[PDB]
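Data first, discussion second: the structure below is written as structure tokens.
A short reminder: the numbers here are calculations on the coordinates, not readings from a lab. Please note: Cβ atoms are built from the backbone with ideal geometry, for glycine as well, and neighbour counts cover all protein chains shown.
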Protein chains: 2
Amino acid sequence: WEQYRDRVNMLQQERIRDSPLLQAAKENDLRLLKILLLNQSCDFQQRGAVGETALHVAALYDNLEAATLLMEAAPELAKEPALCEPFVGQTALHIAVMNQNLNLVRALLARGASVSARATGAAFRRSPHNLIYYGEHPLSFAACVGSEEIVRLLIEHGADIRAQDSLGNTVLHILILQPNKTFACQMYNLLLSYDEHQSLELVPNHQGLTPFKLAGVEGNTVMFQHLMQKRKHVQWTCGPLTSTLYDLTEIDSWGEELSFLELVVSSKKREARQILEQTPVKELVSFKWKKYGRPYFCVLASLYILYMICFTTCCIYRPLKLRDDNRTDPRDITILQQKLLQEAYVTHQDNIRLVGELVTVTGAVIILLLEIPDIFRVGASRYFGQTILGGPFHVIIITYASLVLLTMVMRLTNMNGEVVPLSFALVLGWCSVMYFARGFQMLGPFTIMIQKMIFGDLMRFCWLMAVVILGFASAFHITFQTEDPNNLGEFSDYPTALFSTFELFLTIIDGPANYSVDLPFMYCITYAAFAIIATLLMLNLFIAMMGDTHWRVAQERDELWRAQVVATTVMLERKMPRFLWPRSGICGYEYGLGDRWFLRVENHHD
Amino acid sequence: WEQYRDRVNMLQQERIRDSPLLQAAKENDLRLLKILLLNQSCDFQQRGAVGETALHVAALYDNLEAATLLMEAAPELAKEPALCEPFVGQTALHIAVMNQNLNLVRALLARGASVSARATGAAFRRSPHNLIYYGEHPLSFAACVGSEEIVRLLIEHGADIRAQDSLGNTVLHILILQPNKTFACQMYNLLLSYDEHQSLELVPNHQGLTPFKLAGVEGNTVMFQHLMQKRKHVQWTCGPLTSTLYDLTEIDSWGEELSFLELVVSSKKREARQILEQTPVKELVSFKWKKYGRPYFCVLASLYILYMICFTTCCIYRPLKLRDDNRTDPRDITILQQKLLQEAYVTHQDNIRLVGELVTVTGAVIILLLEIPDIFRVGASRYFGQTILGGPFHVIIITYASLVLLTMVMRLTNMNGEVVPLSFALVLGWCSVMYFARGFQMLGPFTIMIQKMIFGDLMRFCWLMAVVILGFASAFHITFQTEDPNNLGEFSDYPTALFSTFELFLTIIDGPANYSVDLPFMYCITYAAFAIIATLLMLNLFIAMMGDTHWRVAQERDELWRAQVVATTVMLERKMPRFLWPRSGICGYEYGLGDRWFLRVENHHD
Ligand SMILES: CCCCCCCC(=O)OC[C@H](COP(=O)(O)O[C@@H]1[C@H](O)[C@H](O)[C@@H](OP(=O)(O)O)[C@H](OP(=O)(O)O)[C@H]1O)OC(=O)CCCCCCC
Ligand SMILES: CCCCCCCC(=O)OC[C@H](COP(=O)(O)O[C@@H]1[C@H](O)[C@H](O)[C@@H](OP(=O)(O)O)[C@H](OP(=O)(O)O)[C@H]1O)OC(=O)CCCCCCC
């Protein structure tokens, strides 16, 4: 983090500056660095603050000839790495490779500079603190700085390609993680050119990711297209139109528990959505969704709608009886109460409601059995945090099933107050039907807009709206504390004044007006101020920024709908039985092609 | 001002045109101006309307050879400036320098033309009347016209760099104040090149502003970057990423009472906000806000929210007793009144309200002690006029504390009518919580939008809305003056007709409708006209221009939020004790660097 790196950098510059050997290595004096090196008592193993030698200083400031004098004074400076924590394995070869001083790389490799050196300090890790991630080996350093000849020269002296770091990343992984993609595709070609073969391309990191899977996850569409140039075979071309066969082994991921498409659609990187726009992935999901995914999602949508209708019908016809106790209160409004369990089921219609309630609790147990192990199979925050996988819809469906089982416990144990979980369950259950809106293009991104207004716009403006409601509700309550509550009951106590001011903010109830009595004038002053600031200004401000939130989602409508039908497709292929979801693509074994599955794409060009 | 300048210009052209010597100097006649100059009785000291000589006329119309004949006729014309008020010190050298006639500059400097001449007329001051501001000395004139060789020639003949004018501005100040910056940066380089040294760069004007501070205040981002090229030192570069150390002495402004960042953020010039986008300022405020400013602002926000909760709770539980006098009026609605001070505190809950009220008045005194001297330390209009410093929020918090102290005066002196300052104090206090919305990016510019709709849109449309309310309220009142007020009480008297028409404009109450009686038909005609013009047309017009006001603020959202967290950071560093705010940046004294503080920035490039 920042102050530790700053302390390390000024200490390193101080130990360069005070030491005359390191200063002469820094500023490249040929008047100096010959009198000092002719002393046999002079310490050529003098280290800086981070344990770096004078050769590290000469490689850092691009002093080639000073590094040659430091090398001929003592040849062991190439073997020595730095020692302190942010640079705990860095050699002078790493600095010469990053600086791309190629004659210095030849001068170091003429000496005994190790090519298998691991620069495993904290300044070389993949972190948000570090501005780059190049790896720990000099070969990955030379691949990431983009110099071809240093890569070939490291190949000429050792430096095997298959080197895995602390993250398990091969040089192909780190080259995929670089921001410049077209500048690194040529390096990916030349690094694959020295492959002698478990292949180099198929070895994973510590996250289990293949370079194909890492190119899919990180949004590297250029590298994905480059990797699918070598996985495709043009069957024929004829005039404008050509038929080509894409290998579907790395994309479909049949035997894998965590598939490639599931890895891409549930990735934190946003640009992985443009991975879904690339061709064999696009026709693969189009075949999976049109052939199987849309009818299965439609019959699940209709079955859930019928289950909601059964739940709603057993909610309307719930057992209620006239209350035995008397009212004796003009404010009291309840004329009937809940029925006891011993008298709830005495008739035929109550038995019809019983089989409806049994269907309801069976469906809630089915929901819990379907959605509880998929919380545990992935990250618990990752399951609910995803806007594409239906995470908010997942937590709504989970708490709906929990409220239905709580209602069953309340019914079996004769607990009064069954209105509460039944009302929450009705609202959350019928709002759960919007999960199936993602199966259609016409109302798919509408729920994405609704989600981006719930947690996008409402969570920020709710604080300003809340403090306006608190101030005007407090003023409205204390200006009516001295008045008769029969003539104007909107602000009689503090919770009903809070609720009335919330409804007057949203303009869903009328302004309180009794023209048969004369109200306080401070009601008129504070309500004119409230109607100016809250109903007129802040409400339409919230409406306008909801509008441009809707505009921002509507610009990316097709990509977001494509991503959520991908998440729906991989969810349905993962959850449903294997006989209902046959393996996608051309089988290939009967055509002489060996145990590989393919997708044929015919496209029209010039 | 305009007519005086016009009268001066036509008088000057008249005195040129009537005088044959000045006419021959104007239109460059070599047939003339040899017969006239051979007369020994001819007055070569003949002056125009502004006291300008014939050499001023020859320098004004770029007549070089006419100026040579005027100089060899009488060499003292270079020593004479003009005399009347808009040009009370202007010489012919100033006109020759502005015209960039360099041979005329050599011809004047061959004679005894003073280079320390001050053209201190009203046409050379920094005013909105004058279209340019070049200064009073010819060296600043040559710097601001951008001619390099005239600057070098003036250096060859006197003309010291460190010349301060009536505004105290050095040539560096005036060169910063020029609108075209990149062509003036090389002139700044040349003017710093003849510095022999209190330095030239550190001398202030009469406002106390350094050229660094003036470049920050005026929004000169190009000159700010040029001034920070000489205040930075690259520690190292390595491949794509470099670490460089910025001097933080001129930016942090430790011992100064009016700091650099406070000068930039409270400046009237708008482009100074882009000064906040430049690099060491940006990481300095990012370090100050993330390390210290955001937690201190968050604990102050939570403490103010708890103080509002205590004030609101002692507002709800205020002492009220049943009224002794009888009602005897069907319109009368008050059933209880304020309690006397002798009986207000008799119970334990009244003592809890007493310690809450003591906390409330202590907080109001604390607010007044914190915000009254900062009105006086700056401009009184400047404190409240700033949208970034929280000036409207400052006057709301000031009047909230004033209303709380007025409420304490009413409580101690048993004054009836305590609803009024308590209701205003509740509204203004809970609206003061939006001051702390600027500490978060997600709801920071929302209050800027609210302010730009209060004083931007509402103050212009309130007049049109007001005259519509007056006309329709007057018509609604006089069409119901003849009717029974029991059947329709919305327009019974003129203030309630005004309030009803305001609420019907905002559509927060229903249209008045009694279907048990037959209303006047002019109520239906005027309400149809009102519903067309006011509820439908002008209200949605106000909503639409509120929407594009919101759009205009949302385009500059990050810059406005950055400016207001800068104002928050400099407010918190100025107000809070020094032990809670340590000095920002690297100390530097332990690294051998002499008594200067630095900020290290590491950045990634090609
Ligand atoms: C009762 C239901 C509970 C639901 C539980 C689940 C609630 C939940 O998980 O929502 C998280 C929500 C959005 O989730 P998510 O991480 O997927 O959204 C990302 C990010 O939040 C951006 O704001 C999005 O907009 P933009 O492109 O940058 O403009 C962008 O969407 P997209 O570009 O990829 O489409 C995404 O990068 O994040 C919040 O906004 C903070 C509010 C916290 C949520 C409030 C938690 C109470
Ligand atoms: C009760 C609370 C009292 C509050 C007391 C304090 C009230 C108060 O001081 O507001 C002043 C207000 C805005 O102040 P301020 O000078 O900072 O705003 C500038 C200017 O007014 C422009 O209109 C702004 O918009 P734009 O960019 O050109 O489009 C621009 O904002 P920004 O670009 O910098 O962001 C600024 O250059 O000026 C008025 O609009 C006239 C209404 C007079 C105010 C009405 C006075 C009653």
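Taking θ as phi - 60° and the Karplus parameters 6.51, -1.76 and 1.60, the scalar couplings of segment A:384-396 work out to 8, x, 7, 7, 9, 6, x, x, x, 5, 5, 6, 5 Hz in sequence order, x denoting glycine and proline. First select every other residue whose beta carbon is under 12 angstrom from the beta carbon of B:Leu336; then total the charges, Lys and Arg +1, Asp and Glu -1. So the environment of B:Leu336 carries a net charge of +1.
The other copies place their B:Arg106 label points at 5.5 nm from this one, listed shortest first, where each point is 7 Å from Cα along Cα→Cβ. Sparsely packed loop sites in segment B:249-297 (the chymotrypsin sites (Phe, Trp or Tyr not before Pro) outside DSSP H, G, I, E and B with at most 11 other Cβ atoms within 10 Å) comprise B:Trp254. Scaling the Cα radius of gyration of segment B:312-351 by the globular reference 2.2 N^0.38 Å produces a ratio of 1.42. The same position B:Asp510 in the other copies lies at 0.4 nm from this copy, comparing label points 7 Å beyond Cα toward the beta-carbon, shortest first. Computed over chain B, the percent of Cα pairs more than 37 Å apart is 59. Could you list log10 I(q)/I(0) for segment A:5-60 at q = 0.14, 0.24, 0.27 Å⁻¹, which the Debye formula gives when each Cα is one point scatterer? These q points yield log10 I(q)/I(0) values of -0.34, -0.92, -1.11.
Helical content alone sets the calculated 222 nm signal of chain B at -15500 deg cm²/dmol, taking -39,500 (n - 2.57) per DSSP H segment of four or more residues and averaging over every residue. Each residue, B:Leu354 and B:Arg574, gets one label point 7 Å from its Cα in the Cβ direction; the gap between the two is 4.1 nm.
The smallest convex shape that holds all Cα atoms of the protein assembly as shown, its convex hull, gives 319 Å³ per residue. Rounded to whole numbers, the Karplus 3J(HN,Hα) couplings from phi for segment A:254-269 are 5, x, 6, 6, 9, 7, 5, 5, 5, 5, 6, 6, 9, 8, 6, 6 Hz, using 6.51 cos²θ - 1.76 cosθ + 1.60 with θ = phi - 60°, and x at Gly and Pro. Taking 24 Å as the straight-line reach from the Cα of B:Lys339, the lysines in range (excluding those fewer than 8 positions away in the same chain) are B:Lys321. Placing a label point 7 Å from Cα along the Cα-to-Cβ direction at B:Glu149 gives distances to the equivalent points in the other copies of 4.7 nm, listed shortest first.
Amide H contacts under 5 Å for B:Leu241: B:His605, restricted to partners 5 or more places along the chain or on a different chain, H placed in the peptide plane at 1.01 Å from N.
For B:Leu336, the residues whose modelled amide H falls within less than 5 Å of its own, excluding neighbours fewer than 5 places apart on the same chain, are B:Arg323. The phi-based Karplus calculation (6.51 cos²θ - 1.76 cosθ + 1.60; θ = phi - 60°) puts the 3J(HN,Hα) values of segment A:436-446 at 7, 6, 6, x, 10, 6, 6, 10, x, x, 5 Hz, whole numbers, x for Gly and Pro.
For the rotation carrying B onto A, the chain B residue whose Cβ lies nearest the axis, with the distance in whole Å, reads B:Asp510, 4. Here r is the Cβ-Cβ distance between B:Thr399 and B:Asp195 and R0 is 45 Å; the resulting FRET efficiency, rounded to 0.05, is 0.30. Backbone amide hydrogens, once placed in the peptide plane, bring B:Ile586 within less than 5 Å of B:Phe598, B:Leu599, B:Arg600, excluding anything fewer than 5 places away on its chain. Restricting segment A:371-454 to trypsin sites (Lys or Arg not before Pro) that sit in a DSSP loop and have at most 15 other Cβ atoms within 10 Å of their own Cβ leaves A:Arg377.
Kirkwood radius for segment B:1-116, taken over all pairs of different Cα atoms as the inverse mean of 1/r, rounds to 14.1 Å. Applying the criteria of a DSSP loop state and at most 12 other Cβ atoms within 10 Å to the GluC sites (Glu not before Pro) of segment A:118-182 yields no site. Semi-axes of the equivalent ellipsoid for segment A:279-583, computed as √(5λ) from the eigenvalues of its C-alpha gyration tensor and ordered from largest down, come to 43, 32, 14 Å.
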